[PDB]
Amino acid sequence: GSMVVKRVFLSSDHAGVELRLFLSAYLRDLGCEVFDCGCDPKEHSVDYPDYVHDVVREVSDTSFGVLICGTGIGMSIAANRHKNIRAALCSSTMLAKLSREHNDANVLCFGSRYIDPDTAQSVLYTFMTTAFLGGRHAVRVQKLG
């Protein structure tokens, strides 16, 4: 149950600014290098697909991403356009745990209007501390690429 990576890149549209900042702070307390990729908090309405690239281009075996829109659905659709990305909208620790175990998920999507910050913090901790199981999943994860 140690941290699987210690670098995270986070973005949101306008709906996810508060959660994004709260989760960034948590991740700093945990000792991660944390990169904020916008949107600027002064923005009142932007389009979530415009805030995906700067996160997903940095995602790797040593760097994970967090994407936040109102529901999470749009961020997860957008992130998974990229073959090196494996993004899961998680509203529970169970879902985070399974996405990491089975799919080696490297982008965590949140719906800020439907999850409270304390629960999202738990979900992110599970995501960051769950190892990929490999084995029979390895071949499927390879194919996702």
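Sequential numbering from 1, following the sequence displayed.
Higher average CA B factor: 37-45, of the stretches 37-45 and 87-95. The question of which stretch, 66-74 or 28-36, has the higher mean Cα B factor is settled in favour of 28-36.
Sorting the modelled residues of the chain by their CA temperature factor places residue 23 in the lowest third. Sorting the modelled residues of the chain by their CA temperature factor places residue 60 in the highest third.
Sort the modelled residues of the chain by CA B factor and residue 132 lands in the highest third.
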